[PDB]
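Engineer: any chance you could fold what I've pasted below:
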Amino acid sequence: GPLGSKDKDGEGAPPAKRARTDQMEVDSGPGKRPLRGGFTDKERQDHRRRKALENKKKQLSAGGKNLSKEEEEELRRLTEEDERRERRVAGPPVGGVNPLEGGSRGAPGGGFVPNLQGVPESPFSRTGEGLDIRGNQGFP
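Structural biologist: Numbering: from 1, shown residues only. Take a look:
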């Protein structure tokens, strides 16, 4: 056989190239769950409903039509509750004055008396002007 060939004199035999791998992708699998907050689906239906009707208000009235008792009522309530919720969602005391329990009142005085009290009826003379009868006209 060959005694004077080698591979250094030329190049030799080209081996495997190697250093390679194959992969596959599952594609569909577990993912992310939503974290939508705010309120429940209820409030969302609230807005959908509302604007569904607001649309109806537009189209129906423009076509000489009218809303049905059903959806007209539900919406009104949706709106009523919505606006109170937005505005305060609570009940303030309004602006009270005083819990009237034991603060009983009345009319301080003594009725009618034949005296002015105080300083009067001490002087020997009388308070007024000096003299008076009727006047030059008798009665204005």
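
Engineer: what segments of the protein are helices?
Structural biologist: 41-62, 69-87 (DSSP state H).

Engineer: give the buried residues for the shortest one.
Structural biologist: Going back to what we said before, that points to helix 69-87. Across helix 69-87, burial judged by 16 or more other CB atoms under 10 Å covers 75, 78. All C-beta atoms are positioned from the backbone trio N, CA, C, and that covers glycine.

Engineer: so what touches it?
Structural biologist: Residues from elsewhere that reach helix 69-87 (CB atoms under 8 Å, 6 or more residues apart in numbering): 46, 49, 50, 52, 53, 56.

Engineer: same question for the longest one.
Structural biologist: Counting by CB under 8 Å, 6+ apart, helix 41-62 makes contact with 65, 66, 67, 71, 72, 74, 75, 78, 79, 82, all of which sit outside it.

Engineer: ok, so of these, who is nearest residue 136?
Structural biologist: Using CB to CB, residue 79 comes nearest to residue 136 of those, at 75.4 Å.

Engineer: please tell me how far the closest one sits from residue 134.
Structural biologist: Distance, residue 79 to residue 134, by CB to CB, to the nearest Å: 74 Å.

Engineer: ditto for residue 1
Structural biologist: 169 Å.

Engineer: comparing these two, which shows the higher neighbour count?
Structural biologist: residue 134 (8 against 3; other CB atoms under 10 Å).

Engineer: do you know how far that one is from residue 140?
Structural biologist: 10 Å.

Engineer: turn the helices of the chain into JSON lines, columns for distance to residue 99.
Structural biologist: Shown next, in JSON lines, are the helices of the chain (distance: least, CB to CB, whole Å):
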{"stretch": "helix 41-62", "distance to residue 99": "37"}
{"stretch": "helix 69-87", "distance to residue 99": "26"}
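
Engineer: looking at these, which is nearest to residue 5?
Structural biologist: helix 41-62 (82.5 Å).

Engineer: send over that closest one as PDB, restricted to the C-alpha atoms.
Structural biologist: Coordinates of each C-alpha in helix 41-62 appear next as PDB, following Å, rounded to 0.1, in the frame of the first residue of the first chain:
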ATOM      1  CA  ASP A  41     -68.000  43.200  33.300                       C
ATOM      2  CA  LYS A  42     -71.200  44.800  34.700                       C
ATOM      3  CA  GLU A  43     -69.800  48.300  34.500                       C
ATOM      4  CA  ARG A  44     -68.600  47.500  31.000                       C
ATOM      5  CA  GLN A  45     -72.100  46.200  29.900                       C
ATOM      6  CA  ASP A  46     -73.200  49.500  31.600                       C
ATOM      7  CA  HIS A  47     -71.300  51.600  29.100                       C
ATOM      8  CA  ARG A  48     -72.000  49.300  26.100                       C
ATOM      9  CA  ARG A  49     -75.700  49.400  26.900                       C
ATOM     10  CA  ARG A  50     -75.700  53.100  27.400                       C
ATOM     11  CA  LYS A  51     -73.900  53.900  24.100                       C
ATOM     12  CA  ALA A  52     -76.000  51.300  22.300                       C
ATOM     13  CA  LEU A  53     -79.000  53.300  23.400                       C
ATOM     14  CA  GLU A  54     -77.400  56.700  22.700                       C
ATOM     15  CA  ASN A  55     -77.000  55.200  19.200                       C
ATOM     16  CA  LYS A  56     -80.700  54.200  19.200                       C
ATOM     17  CA  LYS A  57     -81.600  57.700  20.400                       C
ATOM     18  CA  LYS A  58     -79.800  59.100  17.300                       C
ATOM     19  CA  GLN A  59     -81.100  56.600  14.700                       C
ATOM     20  CA  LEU A  60     -84.600  56.100  16.000                       C
ATOM     21  CA  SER A  61     -85.400  59.800  16.600                       C
ATOM     22  CA  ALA A  62     -83.900  60.700  13.300                       C
END
